[PDB]
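**Q**
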Amino acid sequence: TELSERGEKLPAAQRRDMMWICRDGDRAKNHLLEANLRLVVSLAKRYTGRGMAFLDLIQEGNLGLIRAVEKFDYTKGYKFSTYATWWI
DNA sequence: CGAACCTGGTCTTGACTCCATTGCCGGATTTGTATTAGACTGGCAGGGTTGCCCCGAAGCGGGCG
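Number 42 in this note's numbering belongs to position 42 of the first sequence; there are no gaps in the numbering.
#1: Please go through the same chain and pick out, in chain order, the residues whose beta-carbon is closer than 7 Å to the beta-carbon of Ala68, but skip the five residues on each side of it.
#2: Return the chain-ordered list of same chain residues with a C-beta closer than 7 Å to the C-beta of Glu5, the five sequence neighbours on each side being excluded.
#3: Hey, how far is the Cα of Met19 from the Cα of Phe54?
#4: Using 10 angstroms around the beta-carbon of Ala35, count the other beta-carbons present and answer buried if the total reaches 16, otherwise exposed.
#5: Mapping the DSSP letters down to three states, classify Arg15 as helix, strand or coil.
Written out as C-alpha cells, the structure is:
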C-alpha cells in the first residue's frame, strides 16, 4: 500500500511473492477464525435461556473472536484461548 | 335666566415593577468505547395425543428398451 502510490515498478518476482504473502495472511486469518468457532460455541452455550436466542449469542461471540484474533499477540507465550475468552 | 359643577368617559405622559429570556460558566451526571494474557474448543431439551377431508409428493410393483 505504501509502494503503490508514488512507489516503484517492482521486479516481477518481488511483486509476485508480495501478492503471495498478502494472500497467505488472509488465508491464515480465515483459518484461525474457522478453527476457534467451536470455542465461541462452547462459551456461548451458557448465556442462553434469558432474553436472547442462541444463534445471536453465537454470532456476537464470533464478532468478539474476530476482535481477539486481530489483537492477539504470540510473543507473550500464552495460549490463544487464554486471551480470547476475555473478548468473547 | 345663566352658570358652576360633576362626572361619564377618552386619552396621554411618565415613572415603576417584574418576570421572561438568553448567555456564559462551572461543575455533575450520563452515556459510550476500549481493555483486561494460565487454560478452557461442536446445545440441552421436551414431548408422542381428533376427525375428516383434499391433495400433493415419495416409493414400489411391473413391464420395456
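Note that CB positions come from ideal geometry on N, CA and C, so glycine has one too.
**A** Short version:
#1: Cβ neighbours of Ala68 beyond the five flanking positions: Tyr83, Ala84, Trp87 and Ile88.
#2: Excluding its 5 nearest sequence neighbours in each direction, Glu5 has no C-beta neighbour in its own chain below 7 Å.
#3: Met19 and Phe54 have their C-alpha atoms some 39 Å from each other.
#4: Looking at its Cβ environment, which holds fewer than 16 other Cβ atoms inside 10 Å, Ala35 is exposed.
#5: Three-state result, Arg15: helix.
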